[PDB]
Every structure is written in structure tokens, then in C-alpha cells.
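Colleague: Next input, structure requested:
(chains A, B, C, D, E, F, G, H and I, ligands or ions: 5)
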Amino acid sequence: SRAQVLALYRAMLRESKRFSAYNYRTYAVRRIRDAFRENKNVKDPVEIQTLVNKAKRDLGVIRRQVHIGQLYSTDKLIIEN
Amino acid sequence: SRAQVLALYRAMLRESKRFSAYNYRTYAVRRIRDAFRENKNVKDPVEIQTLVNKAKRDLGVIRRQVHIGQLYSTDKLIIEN
Amino acid sequence: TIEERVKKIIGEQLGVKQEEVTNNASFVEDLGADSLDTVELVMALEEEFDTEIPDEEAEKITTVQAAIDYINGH
Amino acid sequence: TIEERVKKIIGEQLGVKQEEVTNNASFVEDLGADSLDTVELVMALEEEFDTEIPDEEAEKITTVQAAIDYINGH
Amino acid sequence: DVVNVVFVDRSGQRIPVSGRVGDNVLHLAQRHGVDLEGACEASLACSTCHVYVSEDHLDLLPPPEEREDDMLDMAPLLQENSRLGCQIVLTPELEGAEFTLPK
Amino acid sequence: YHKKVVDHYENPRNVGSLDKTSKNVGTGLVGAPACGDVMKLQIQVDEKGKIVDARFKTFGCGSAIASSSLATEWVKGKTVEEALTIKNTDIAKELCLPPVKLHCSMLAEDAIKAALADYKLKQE
Amino acid sequence: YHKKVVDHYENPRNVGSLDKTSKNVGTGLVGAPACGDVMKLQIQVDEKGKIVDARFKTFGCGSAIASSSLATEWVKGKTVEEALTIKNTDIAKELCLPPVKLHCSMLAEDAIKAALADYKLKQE
Amino acid sequence: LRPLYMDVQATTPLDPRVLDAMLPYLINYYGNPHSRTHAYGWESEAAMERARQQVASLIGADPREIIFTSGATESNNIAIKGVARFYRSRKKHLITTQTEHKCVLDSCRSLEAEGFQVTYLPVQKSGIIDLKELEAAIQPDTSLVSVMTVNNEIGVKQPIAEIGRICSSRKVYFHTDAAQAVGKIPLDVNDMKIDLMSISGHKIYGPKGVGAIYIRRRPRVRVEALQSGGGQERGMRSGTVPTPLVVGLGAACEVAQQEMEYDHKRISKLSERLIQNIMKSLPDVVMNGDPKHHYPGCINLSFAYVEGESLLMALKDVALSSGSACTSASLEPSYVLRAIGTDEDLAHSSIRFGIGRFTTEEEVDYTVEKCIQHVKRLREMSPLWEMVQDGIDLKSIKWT
Amino acid sequence: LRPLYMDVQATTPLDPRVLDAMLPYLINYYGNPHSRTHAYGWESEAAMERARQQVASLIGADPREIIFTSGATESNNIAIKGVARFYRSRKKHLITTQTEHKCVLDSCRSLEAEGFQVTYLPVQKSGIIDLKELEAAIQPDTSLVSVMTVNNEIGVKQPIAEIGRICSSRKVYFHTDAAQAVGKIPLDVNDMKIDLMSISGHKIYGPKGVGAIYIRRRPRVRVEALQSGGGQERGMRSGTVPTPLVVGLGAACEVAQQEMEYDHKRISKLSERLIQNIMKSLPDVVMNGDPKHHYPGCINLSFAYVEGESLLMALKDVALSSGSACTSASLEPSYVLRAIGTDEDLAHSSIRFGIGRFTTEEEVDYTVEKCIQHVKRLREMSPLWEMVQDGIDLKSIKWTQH
Ligand SMILES: *P(=O)(O)OCC(C)(C)[C@@H](O)C(=O)NCCC(=O)NCCSC(=O)CCCCCCCCCCC
Ligand SMILES: *P(=O)(O)OCC(C)(C)[C@@H](O)C(=O)NCCC(=O)NCCSC(=O)CCCCCCCCCCC
Ligand code: FES
Ligand SMILES: [Fe+2]
Ligand SMILES: [Fe+2]
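Modeller: Residues are numbered from 1 along each chain as shown, chains lettered A, B, ... in the order given. Ligands and ions are numbered 1, 2, ... in the order given. Structure as follows:
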């Protein structure tokens, strides 16, 4: 299931970088990377499947929130210049 | 005037027919039709332009809300069967 | 039957009672309908027959004969 | 220069001090990079150059030379 | 044209003071030493002329001005019988009125 | 609403009436203590001491309709002594009635008892 | 966030110090840190009797710094008698200070008066 | 498949325009309106002040007279308890109606337990108070008079302007609970001489958990604050003001002010349709409340010899409400229908129909058909119907 | 170009997961949770019970012990006033702290006008109450003790467990204001012997206008209801429950339980980063509060010889807060700083920094750089700095005016 996890990681990273807000984008990218690295050595397939399902639900939430934030967007932060 | 107003009417009706909710679809269609019916005999160009601006803003609101409702959709009503 | 379906749609949209509709009656001159009526009649045609009618052909659709020719051709 | 930019991107991604990257250094063995860092490197390559890498071609990108050839070809 | 009023200080002392019609309650205090500050001096901008009017005689006073009410809103220890001393003018109806100074 | 209550309303079991002039029919008609609940419960007895038919009509809540319907089902097929044993506890345990809903079961039991006493009084 | 107040804050004009050990220099220092706004306004009256230079250093809120800058601008190139004509009302009007921040304008007026008094007690 | 919603008196759906106005403050502008040092707080304060102006514009008043609350319950609590506690030294009497909402009635009961004297004015069989009884109930020590504008149970409108004229003649503060009237019937606090008004967000297609109270400044009405804290909202209601909720309230008030005349015409036509179609096909159906002073959006009908919750259970595809004592958690009968002199038999048979902004002729006709069929069914099931059709009078029959 | 947000103590941004949970109930599930006969009410009630269970799981309590409110202000009012009024026949004394939030202090002062006696416990220079003083302040007629968990101005942590064990020994109800501690530090009502707790929705990345109060059921704690009405929320808080708001609050609590261990670690490293870089580059900078019993997310620093509001005005690109009288609408100096023995000179120089879940290293570095340069600029503008560098003593210097 290595390929499935890698594809899910890639999709989660790609969708999170489309966040319009700076805080949400940075937090989502950092949290996804940290969460995937912290579970790198999990061996139990049941726990792996539970983590995969949690990541899928989080990906759906990220897609919806990214789009709705694109619908209602504001100016960039002073640090993004 | 005639051409632009007709095109705006068509776009508003098209966008309103895409509401996921029955409460929102029917009300939007009926309200658009009744408002274009009541403002058919206006002669002042300034009043016409103000009405077109109001309709443009309402079209933007309709597009955003229709998409958000498509993101968070639910079961059809008992009368839609 | 495309003829019957088009006549039914037009009659339901314009209140013509299904007898004042013919193959030579215009939407505005013969039947009582304005441009706002014509827009939803065309939208109802697009709803019943799945076809994205372009604006040019939509303005070309002014009569029942024109609508029937368009639907039969597409 | 594409040659400098690709190596520089790899230097940011893997923390290589800009010295370790060569034209024959692999991502996994030579440098510190698991699959999670390689996915992040491929995405960074897709960002610096607005070229989207297919998954089949992304699998082929395992060394610096593969990325260099892919970028020069496209 | 003499109207007699009673001043109750911050420490519950009734000080009988005699005044005439047309005087200002706030100025009728310092002349007889009742310790009302009235910093703004009838400018309706400080609300340190705060005073409690007796219940019976409160209804006789003319309605407070909008600026007087604006000052009264901020005034500490606000009560339903709270008025501003700078805006109270002695009248024959106000005989026997008692003015209590807020803490 | 509970599955059994919904089923007992949506599917009528013995909704009707029986001839009061008939000697072999006992009729009960009782009412709730603190609400507008009214049940009519009627039982029929054949030549021997067996209940062959029972009909109900209820003005009341859905739970009261369901209680009266279950009461007529349980009454049918028993005798007078076997039907005197039916309690509101059993009716409530069958319908899973919440605490606010025990009045319907008590009213159904009262209707059963009134119908049985009425049968005895007329058969005297 | 008034345009005039931050104008003087981001571009403060006469910030600095002057020689207290000078015959032709008056030094003002009013306010307390416990209160939260302290100003040091210094003037230099020339031989002609007309202020030629002015410097200030202010510890306090932004309106206080704007008031100090405006005071240094206004009292420069004027007579001492003309410098006394400056009131806190004029500074508040110019800076559009809300009633809560009039302490800054009054403090600036006291600083100007203190510098003038220092000159009037030193020139002899 | 979801059922139809005909319960707008309980709560209304959110208007898409209101949600479109709310979302930017739920996504980007999340600052505290009381933060005075940065742009986040500056823009939140600007949005709040605009929302306040919108509410004031709707009710015809000055923006400084508007205080945001968490709902009409808190608005009524503030009005009643604050007025009574502030004017306690001289005024110890309150006047309200027997048909008032439970928040008002419970505040009055608590104040009665607090040593106050409360008079509950009976209503006539039409739901309307007697102005002469109001004038005869006012004492020299009366503090407040509270009469709701539109009744949430039967939908009858009170003579608010006449009541306010009476109260201003007698020098008594007048509070009105307008949670069912704001954005539905014209309201002008100055023409009606209103001193306090309660407003609810989720009755006007706005967000839940937000409300407002109007307090008059000329002549100034004063209240004693109930929520302590840092003196927000001029010291009358402490705690952080929820910016998205107040923005939604302002958007709903503006949308209502624009849509009121069209909505009223549409709802009146639909209410005539529903009432006529129900009456023409079902005998022994009565409308609760007087039709001459009636808001058409709240319809209360009693279906004789049918129980309200059994009818509601039969109508599973329509969301409705009933005054039946069997729908209550505490087995409480309808005190409004007891006040307007309805028999208990017909009070257990009451069904409340709600027609709102998004109600359709399709929904109304479907509800009417379902009601007709299920009432016929339950009447064929009902022993009261049996006895009535069999030439028997309910009153003469003994009941145990 | 919008400024950076570093004011999480005032309010927090809405978490995208919380908004995702809220949106279905703002669009489709608009029913009244108290509607007993139709499906809209049933689904709203189910969502409300789910949110109640989420909050209870976060604070380690039973769901029946959770009552939804409109915020922590209302929760504090309910706790203090209801506990005082319910038991006033025998209990007429209350105990609280001088560094409490204004809702608690104002409720106590409004109870003083009602006939109650209130003791305001002083704090040490660290900001922590002395337990011996609390033990010595308890009377046989003491009703309630109210000590907040995390201070909203300086971020110090009180010994909640010890206070709860003392209150239980003396048979006194214990209330804690945890609006700055929920979802940030571990909380357990049973282990801390807490009888009442206040919770704020928008301090934990939830929606504004919603809160909760925990009321212990065994032993039973009873309050006198403040909001009259239809008897919703166990008769303790009447009115319609705002289903989207309580759903968002529950979602906020569930996210906080999952993310508290990571958030705390990275916020601690960011706070260490900020404090170390400001201290090593600016002399005469003092942190307010004990560094030992401190929550890293709330940092309060005093910059000597620079007024707080001017420094805030300089940092026009960073959203912050101060404790200066000049920032207050009534010229009110910070009473929390006065209670911890901060001299008046440094009270006007205090700046509050807030670090949350959505704060980046780049924001911290940018804020530190801007603060360093602007403090240097303002010190070069200050007369106090000029006198201090001259060798003069500000304390001995008498002040020509006030
Ligand atoms: P056709 O008969 O050839 O042409 C018809 C028209 C109306 C175009 C023609 O009679 C004409 O030229 N009339 C002159 C005046 C005019 O142009 N009227 C229309 C102006 S635009 C208008 O009326 C805007 C209406 C806004 C509706 C808002 C709906 C909001 C819905 C909200 C849902 C949430
Ligand atoms: P690479 O060396 O080839 O390794 C690849 C992997 C990790 C797949 C391989 O080493 C492996 O098989 N490891 C076994 C364990 C494993 O794969 N665990 C991963 C489980 S899925 C996971 O980590 C879920 C992460 C969920 C993050 C949710 C973030 C939500 C953010 C919300 C706010 C925006
Ligand atoms: S003296 Fe200031 S208000 Fe009367
Ligand atoms: Fe019942
Ligand atoms: Fe200042």
C-alpha cells in the first residue's frame, strides 16, 4: 500500500498549497508533512488503514475549505511580499 | 439595454436553476421572474442602470451560494419525486 | 414525437391552451409573450431537449416553426 | 541556467550544502531523502518550472540526472 | 422668592441651605460648603455635579437635556433619581427638596 | 417515534366497533387523567369462555393508539381471567414508552378492565 | 489612526537635544512616567529675541509625540510672547485629538510654557 | 427523502444572501471588534457599526439605540428585569398579558418571587387585549407594560400604537416583544411610541444565537445590566460581540426591509389558499384567533375529534407543530389556547401551520391534501367522532 | 497588504475543520433542536448531543454536566451569581483574585451591592497566589472560590489541583475560568476537583458567540438561573440553542484534544525562539510573570523607556496588544500588572505577544526584527533613555509636572 499512501500524500500536499489564506496554507502543509513523517514506522495494517481513512476525510475537508476560501478571498499578508 | 438586460436575465435564471436546495431554487427563480416583471416599464436610464448593478451583485451572490450548496448537499424533498 | 413535445412545451410556457399553437404562429405577434417569456421558453426547450443552444440560434428561434426545425435538426 | 537551478532546488529540498549534488548522485542513497522528500522535491520542480510531471515520468525521476534530462527535454 | 433645600453630603449630613429662585444648585453648594466639584462649570462635560434628588420632587424637574443624559450615563453609581446639579434651577415647586451627593 | 408505535398506527389491526345491543359484548370507555386521551375498547365472547373478537377506537396520541391496538391484540385469543393479568408495565415494555408516555399504557389497561367489568355486569 | 497624528509619528521632525549648559537655551521637562507621557521640549532663542531652533524628546503615546512635534514646529521662528499664545485647543484642533487624548495637547502646552519660563529665569 | 418545512414560527432557514454576507467574517475577518490597536479590530468594529445601522434603519430608529444580544430570550430578560430593577425605589408593579411568550412570563414570575407585583391581563376570545382593561390596570406605581406585537402561537396582532399612546399618556414604559413581527409587518418605534423592543435573528431568516434590543434615548430609558464584565454595548450587555452573527443580523434586517411588501402579498395569498382549501373539504374545523387582526403567516387550526400529535404523526412528510399537551415534555397544555377561551377538547386538536418566505404553492397543496386524508382517517378512528355522528353530545356524556 | 496577527489571546481565527463542520447546519439542517415532532428538530438535537459529548470528552466530564452558553462572560456570570444566590441563606462570602478577568471581578462587585462579602486575594510578584493566604481567607460561611487557570494578560498558571483539594477539604465550591486553558493545557475536572468551569468558543479556534459551563453532578452543584424562559439546558440557561455554534464548539474541542500535544510543543519552541531573540538584542527588557509556571503562548514583555502605545503604533504591520492606559478608552492602566508589583513606569511599556496553532516561524522572526528596530528608534526618541544613559536616576529625579 506504499503507492496508495504516496499518492494520497501527493494529493494532500497539492490541494493544501491552493489555500488562499497564508495561515491555513502554511499550517496545512506543515501539519501534513509532520503527520506523515510521524507515522512512517507504523507496522499494523489496521492502524495504517485507519490513518489512510482519516487522511482521506481530511483531504475532503481541505478541498471544500480551500474552494470556499477561494470564493471569499482577501488581500495577502505583509510577509508574502 | 434590451440585449444586456435579456442576457443578464438568462444568466441569472441559468445560475438559479442550479441550486441544490428546493427552498432556494424555487424562491430564486420566482423572485427573478417577478422582479424583471415589475421593472419592465421603467424609463429613467439612471434607474435602469441601478437595477442592472443590483442584479449583477445578486448574480454574484447566487453563483457563490449555489456552489457552496453543491459542496454541502442533502437529500431531495418528498415533493421532488 | 418531437412535434407534440415542442407544442406541449410551448403551450405550457405561454398558456396558449394547446390549440392556438401552430406551425406558423410567432411567439410575440400571434401568441401573447414578451422577451422575458421567450427566454424561459428557450430555457425550457433546452431543459427538455439536452442541447446547449448558442445565442445566435436562440435569437434565430422566434417562431414555432423555427423551434421545431432546430429541435428536429439537433 | 537550468543546470544551476535544478541543483539549487535539490539543495533547498534535501539540505545538501550545495556540494553533494552531482550529475550522478541518487536521491535516496547518496542524499538524505525517503519517498516523502522525493514527492516534495518533484512538487518543487513542478513549481519552479511551471511544467507538470506525469506520475509515470515522476517515478522515473530518481536521480539528479533524470530530473536534468526531464527539464531539458521539456 | 426664597426656596429652602437640604443637602446631604457624602457622609450623611443634612445641611439646611436657603436659596432664592433662579439660582444654580451646584453653585448653591460651594457658597455654603457642600463639596460638589462641578469641574466643567455648567459646560455639561464632566458630570461631577452628580446629585440624588428626592423622589417626590424629582418629577417636577424639567426633562434632562440629551447631553445631560449622555453625561449621566457614564456617571458612577447611577440611580433613577440621578440629575446634574449644574442644570437644576430652584423654583417654588422645589420647596423642601433634598439633594444627596453621590459617593 | 418508536418503530412499534409507528407500525401499530400505520397498520390498523382492529379499528372498529361491536354491537352494544348484543349480550355477548363488553364495552369500555375511559379517559386520561391529565390530557385529552380517550379509548373505546370492546370485547366479544363466544358461547364458551373465550374472547373471539375485540375492537378499539381511540381519540388520543399515537402512543395511545398503539397502546390500544396492542391491548386489543393481546386481549384477542384469551379468556377473562387470562386478560385480567395484562398490566400497563407489560404494555410499556412492549412499546418502549418513555416516562412521559406511561399514561397511554395505564389508560389501555383501564380500558381493558372496564370492558371486562362491563362484560360481567351485562352477563349477570 | 488619524492621518495628521501618524504623519508626525513616522516623520517626527525636530527630534534631538540641546545644550542645557547654555545661556541662550531654555529647557522644559514636564510629565511623569507614572502618568505615561513625558516630554522634554528645548528651545534656543537667538540674539534678536526670536526662537531659531527647537528640539524635543518625548516618552509617551503616539498622540503625545505628534503633539510634541507640532509644538516644536509652531514655537520655532516666533516671539516668546507669540509662543505663549499657543493653547492645547489649537493643537487638539490641528491633530483632531479625541477627548480622551487631550492630555497630550495640554502636556505639550505645559512643556512650551516650561521652556519659556526656563528662558525667562535664565536670561538674567 | 426529507419532509416539508412548515414550522417557520419555531425557526427559519438561513437566507443565502445573509450567509454570503456572513462568510467573509467567518473566513478572513476574524478579529475582535473591541481590539482598538489593529486593522482586524478596526474592520470588525466597522462591520458591527454597519449592522447596527441596518437594524436601526429597519425599525426606524437611531443606531445608538440598538444593543446586540444573544437572542430574544435575553432581550426580553434585559428589558423586563433591567427596567424593574432600575426603577425599583418608586415603581414595583408590572403589567403583561396571559398570552405572552414563556421568556417574558418567566421573567415576570421570577420578579414576582423577587418581591414585585405583576398583573396578567386577560385577553378576549379573539386574542386581543381590552384597552379599557389596560387603562384600568395601570397604577401610580406601575413600572413596565409588556405586550407582544405578533403572537407566536395563533398569530394575532395587538393594538401596539394605541397601547403605546396609553402608556405615554400615563408615563409608563412600554416594552413589546416583536420577535414574530420584525421584518414581517411595518414597525416604527416613534409612531408606535415604543420604549423597548426585542428582536430575534433566527425568526427573520438570520443566524441563530444572536438578537437585539431597542432602548429609547429620548426620553432615555435606563436598565440595570444583567451580564457583568467589561462594559461592552454601552455597559448594557458585556462580553465579546460576535461579528459574523451581528453582520448576519444586519443583512437579514436589510433583506427584510427590501422584501417585506412582496413577502406579505405572497404569504397572504398562500394563507388564503391553505385556509380555504382546508375548510371547503373538512367539516368542524375552526381557526384559533381573530382573522381581522391576524398575521397570515401563522395559522392555527383545531380539527375536532382528532388529537394533535396523532395528526402530526400521520403527517410524517410535513414538519409542523401542535398545541397538544402530549407533545410537551412536561405534559403542559396550551396556556394561550386556554387564555383565548378554547375548550380543552379543541385545544388538544390544534395544529400550527407556518408559511414563510420560501414556502411554495406546491408545498401548500401537498400539505392540504395530506391533512384532509389523514384527518378523515383519524376521524373514522375516533370515538368522539363516533358519538358525535351517532347523535350524542360530548358534554352530557360522563367521563372518568 | 494585511498585517500579521499575533493577538490570539483576544480571539483566534476559525479553524477550517470547525467551519467545515458548521456549514451543513447553516445550509440544510436549520431546524430548531427543541422541536419535538419533526425530523429537523431530531437531527438538530442529535447534533447538539454529539457536540455536548465532544466537549465533555475534552474536559474529561460527563455529557450531562455540560451547559451551552453564549460565551465565557455568560458562563462566569452564571457560575458566580447562581452559586452565590442559590446558597445565600447560609453562604454570604466569596473569594477571588485581583488578577481575574473583568467578567468575574464585575460579577463579584455587583454581588457586593447585593449584600455579599468578597475577598480579593493578592498575588505574588510572579503572579501566583499563595495557598496559605487562600487557606487563611476561607470562612465557615464562604460560598465560592474563583481562580482562573491561565491568565489572559501575562499567561501564568495557577495551581488548580491544589486549590481544588483545599476547597474540597474545606467543603467550598471551586470555580475556575479556563477560557485561556481549554484545548491548550491538559484539564481534568475529576483529578483537579473542579466544581465549575467556564469555556469560550472563540479562544479555541471555534465560532464567536458560543460557550459552555461545566457543573458537577456528584456531588451536585446547583445554581440559580439567570436567563428566564422555557427551561432549556436543564433549566440552567433558557433560550434556543444555536445548533451551528454548538456544533462548531464541539468540533473545536475534538480538534483541540487531537492537536494539543503537537501545538504545545511547537508553540513552546516558537515562544522560546521569540523571547531569546528579543532578549539578546534589546537591553532592559523584562518578562512579566513567573517563567516556571507560564503558558508559552501568552508572552508579556516590558520595554523600558518606551511607551506601549507608541511601540504598537510603530508596529503597524503586526497585530498586537498592550497594557498601557493610553490604549484604554477610559485611560485605565492594567490592573493585572499593578497586582503583580510592577512599578508604574514599566506598566505603560508592556506589550502582549500571542502565539497560536496558525503562527509561523517567519512571522516570529519578522515581528522580532521590527520590534528591535522600532524599540531602538523610540529609545533614541525618549527622554527617560537620555537621562538613564547620562547616569541620572529617574527615581530620585522628581517630576516637574505630575
Ligand atoms: P423584451 O420584451 O424585448 O424586453 C423586456 C425588457 C424588460 C428588457 C424591456 O421591456 C425593457 O427594455 N424595459 C426597460 C426597463 C428595463 O430594462 N427593466 C429591467 C432592468 S434590470 C432589472 O429589473 C433588475 C432586477 C433585479 C432582480 C433581482 C433579483 C434578486 C433575486 C435574489 C435571490 C436570492
Ligand atoms: P518512503 O520511505 O517510501 O515511505 C513511504 C511510506 C511512509 C508509505 C512507507 O514508509 C510506509 O509504508 N510506512 C508505513 C506506515 C505508513 O505508511 N503510515 C502512514 C499512514 S497515513 C498518515 O500518515 C495519515 C496522515 C494524516 C494527516 C492529516 C492532516 C490533517 C490536516 C488538517 C488541517 C488542514
Ligand atoms: S458641572 Fe460638569 S456637568 Fe454640571
Ligand atoms: Fe397521550
Ligand atoms: Fe498619552
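
Colleague: from here on, contacts and neighbour counts on C-alpha atoms
Modeller: Noted.

Colleague: what sits against the residue of chain A found nearest chain C?
Modeller: Closest contact between chain A and chain C, by CA to the nearest CA, is at residue A:71 (26.4 Å). By CA atoms under 8 Å, 6 or more residues apart in numbering or on different chains, residue A:71 lies in contact with residue B:64.

Colleague: count of neighbours near residue F:37?
Modeller: 22 (other CA atoms under 10 Å in any protein chain shown).

Colleague: my guess is it meets residue F:63, correct?
Modeller: No. Using CA atoms under 8 Å, residue F:37 makes no contact with residue F:63, being 10.2 Å away.

Colleague: Find residues that contact each of the two.
Modeller: Common neighbours of residue F:37 and residue F:63 (CA under 8 Å, 6+ apart) are residue F:104.

Colleague: Surely residue E:100 and residue E:55 touch.
Modeller: No. The criterion here is CA under 8 Å, and residue E:100 misses it with residue E:55 at 11.3 Å.

Colleague: who's more crowded, those two?
Modeller: Taking other CA under 10 Å, residue E:100 and residue E:55 do not tie; residue E:100 has more neighbours (21 against 14).

Colleague: State the distance from that one to residue I:114.
Modeller: Look at residue E:100 and residue I:114: by CA to CA, to the nearest Å, they are 21 Å apart.

Colleague: what's the answer for residue E:77, then?
Modeller: Residue E:77 is 14 Å from residue I:114, by CA to CA.

Colleague: Do me a favour and get the backbone dihedrals for the residue of chain A closest to chain C.
Modeller: phi -60, psi -40 (degrees, to the nearest 10).

Colleague: Relative to ligand 2, how far out is it?
Modeller: Here residue A:71 is placed at a distance of 18 Å from ligand 2 (CA to the nearest ligand atom, to the nearest Å).

Colleague: Strands of chain F, residue ranges please.
Modeller: Remark: strands assigned in chain F by DSSP state E are F:25-31, F:38-45, F:51-59.

Colleague: just those strands: most buried one?
Modeller: strand F:38-45 (a mean of 26; mean count of other CA atoms under 10 Å in any protein chain shown).

Colleague: Give me the contact list for it.
Modeller: F:17-18, F:24-32, F:51-60, F:64, F:68, F:72, F:75, F:107-108, F:111-112, F:115-116, H:383.

Colleague: What of stretch A:1-8?
Modeller: Counting by CA under 8 Å, 6+ apart, A:52, A:55, A:56, D:35, D:36, D:39 sit against stretch A:1-8.

Colleague: from the chain's centre, how far out does stretch E:30-37 sit?
Modeller: Offset of stretch E:30-37 from its chain centre (CA atoms, centre = their mean, to the nearest Å): 11 Å.

Colleague: longest helix in chain F, by residue count?
Modeller: Longest among the helix segments of chain F by residue count, using DSSP state H, is helix F:102-123.

Colleague: Tell me how many other residues crowd residue H:38.
Modeller: For residue H:38, the count of nearby residues is 24 (other CA under 10 Å).

Colleague: That one and chain I: what is the separation?
Modeller: As judged by CA to the nearest CA, to the nearest Å, residue H:38 and chain I stand 5 Å apart.

Colleague: Look up phi and psi at that residue.
Modeller: Main-chain dihedrals, residue H:38, degrees, to the nearest 10: phi -150, psi 170.

Colleague: Disregarding residues adjacent in the polypeptide, which is nearest to it?
Modeller: Take residue H:38 and drop its neighbours on the chain: the residue closest to it by CA to CA, 6 or more residues apart in numbering or on different chains is residue I:319, 5.3 Å away.

Colleague: Residue C:10 and residue C:41 touch, don't they?
Modeller: Yes. With contact defined as CA under 8 Å, residue C:10 counts as touching residue C:41 (6.7 Å).

Colleague: Between these two, tell me which one has more neighbours.
Modeller: Per other CA under 10 Å, whichever of residue C:10 and residue C:41 has more neighbours is residue C:10, with 23 against 20.

Colleague: Of all the strands of chain F, which one is nearest ligand 2?
Modeller: Among the strands of chain F, the nearest to ligand 2 by CA to the nearest ligand atom is strand F:51-59 (55.3 Å).
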